[PDB]
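Below you'll find the structure, written out as structure tokens, and then a few comments.
The figures here come from the full heavy-atom set of this structure, side chains too, leaving out hydrogens, waters and symmetry mates. Start at 1 with the first residue, then count along the sequence. When a ligand or atom number is given, it counts from 1 through the structure's own listing order.
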Amino acid sequence: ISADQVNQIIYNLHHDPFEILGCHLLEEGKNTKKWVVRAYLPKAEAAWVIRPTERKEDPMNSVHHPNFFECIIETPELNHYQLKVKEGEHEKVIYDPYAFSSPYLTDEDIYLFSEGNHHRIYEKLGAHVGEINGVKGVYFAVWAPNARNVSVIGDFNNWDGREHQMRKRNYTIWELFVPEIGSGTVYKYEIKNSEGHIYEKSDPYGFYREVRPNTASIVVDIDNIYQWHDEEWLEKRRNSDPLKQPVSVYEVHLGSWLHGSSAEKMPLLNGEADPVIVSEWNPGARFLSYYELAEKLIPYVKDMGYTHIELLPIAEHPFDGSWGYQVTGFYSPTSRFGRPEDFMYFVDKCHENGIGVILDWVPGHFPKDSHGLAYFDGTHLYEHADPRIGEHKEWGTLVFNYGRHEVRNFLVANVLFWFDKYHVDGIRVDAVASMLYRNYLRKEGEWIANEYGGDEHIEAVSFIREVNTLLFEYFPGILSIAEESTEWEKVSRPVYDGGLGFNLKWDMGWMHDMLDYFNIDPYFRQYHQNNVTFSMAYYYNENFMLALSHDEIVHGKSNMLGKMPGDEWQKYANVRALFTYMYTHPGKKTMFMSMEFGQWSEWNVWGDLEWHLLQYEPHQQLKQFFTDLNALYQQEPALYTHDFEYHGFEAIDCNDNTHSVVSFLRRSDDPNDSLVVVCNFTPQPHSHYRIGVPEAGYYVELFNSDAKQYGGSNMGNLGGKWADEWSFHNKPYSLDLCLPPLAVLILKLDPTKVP
Ligand SMILES: [Mg+2]
Ligand SMILES: [Mg+2]
């Protein structure tokens, strides 16, 4: 490029910047091509072109002006890249804003989509505000290869699509531009299938939707509705390893955390909307918006001291009672809580308060609801045609055909979508077994094996690896969490080592051992000491997430307190002991809303939590307990730097089953950060209990779950205890401790203390 051309860009005299900025072919070689990417980045000193899927990074050079950059790259195709931009001391990563000249699909789009590799297909499929033949309007497009005809119906044509019949392209995708209309437009696709049958569909790539039980899609100008402020958070995340950081997650179901009154409007971000009544049976209650949740949930979580909030599925879903696990609008945040910008605001605000956001994502199945994906074009399009692999008969749902390219693409681009447009920090996938096995919940003779006679669902496995491969390449630094319940191997290991590519796995075994154990009367826990006995062999095969989830306080299992034996004082003590144990055991942490204040009743998705309990001291104390423990967890490196290395944990003694006492060390980079943890899982206190430690010195009583401010009896070691030179448990020195009843202590050597 020339200076004259650069100047035309810098000073806004150029008639079409897309001619120059973005990616352009320079020439074709025998087996490769030569491209240039150009970018005008005012205030940037430096830039790079990232090719995350090829694992490459090329720097850009300033050209004729300090803020005009180019980068010449040789490669056969250059479909997938990002720009890294440095302003002062800060970097950001972004998609190239001059990536797409036109709103309509190109041959190249269509080709990539057919191969299942269009990582940004949602830029072209769905509905997008743009300009064609010099007029502003909306471009629509939808994949429906076997349809006889498709038309766009909506407010703008009184639901009569005779003058808005779409044009089929490449025997595969229907499109139409409609001038003059814009964002807010309400619409569906009217489809005629091969038999002549006519029926309406919501837009599978729709970005917003009417409020359930209505189903029309709504047009959104998704790149011009919200201004972000979270560059610093994103940079910090890209440049860190979250496995080495504290990760304490508050799991929340947005629809049942807190309700408001249906006698007023739902405030949104600079606006308001009609209330969304939680149910016909509770009509005085409405949902809170994403906006009101940002104002209320976020400072709450910040005070509690959690690092992340994990949301039950927020993709658009028709039935509250599914909890979100049955999705019909994969590309829109549910309209129960307001608008897409309101949820952007929610994420932006978590990030301003140093809180991350993890989404439950549901790629395993979808329901039969006739507005959604089912039998989409009068064939089994999204779902596989054979019900032995394409239905979960016991759940009443359909299973995506992962081997079909445009279906894989639907899903893979969807996961990337949430990271791109809504800046989320991770995902969690429920019931991963449901994808992995060809015989899942299927009786004998009612399923078929793979091409090698195995039970492994090959296509699905391959899809899962692509999802995790691409996520981490595009957004290093995120969390990809799996719950997999069949001891499948290498869930949270890299795809290159034969793993599924997640970086964390829920420890369901740990969960059952914990809840079976605390449920047993204290006397009888001596017969079940193996539950509280760390198992090196199993633990280090996965990066574990210790989750006490929503699934464990429904359907007659009781909430946490109800699970525990004893009188009221003991039930609380049990909760404090279990969770103090959980925060000290290796692994990341997840707990569900209502557990942190001792809700007595089971989570009920149709109401909100029992906030009135926080008027009373026991509930308050338990909440101060979680507040302090989260603070502790963030301040003590040995609780998070080495969850997944041998160094991080060492058992001290695990054999006093007769008293249900267990003890261990946690460690970090500095030996002075080591922590001694001692747990007493009965109501019997102990005035002299000797515990081996690694060094002489004074050990501070850093945490004590029996403290009176947590509702405990306040027994303890009054500040800490000098070690005796007295071998015990194969350790040179030892402590003679007071152990409080149903309680856990954490001690820490202060090596600068006056003997
Ligand atoms: Mg009609
Ligand atoms: Mg209530």
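- Remark: aromatic rings of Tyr290 and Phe337 are close, center separation under 6.0 Å.
- Proximity of the aromatic rings of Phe156 and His164 is defined here by a centroid distance below 6.0 angstrom, and this criterion is met.
- Of the candidates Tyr104, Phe207, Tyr139, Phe177, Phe207 is the only one forming a ring-ring contact (aromatic ring centres under 6.0 Å, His included) with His128.
- The aromatic ring centres of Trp395 and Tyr325 sit 6.0 Å or more apart.
- Applying the salt bridge (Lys or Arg N to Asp or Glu O under 4.0 Å) test to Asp608 and every residue at least two apart in sequence or in another chain returns nothing.
- For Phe625 and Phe579, the ring centers sit 6.0 Å or farther from each other.
- Inspection of the environment of the Mg ion (ligand 2) yields the following protein N, O or S atoms under 2.8 Å: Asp608 OD1.
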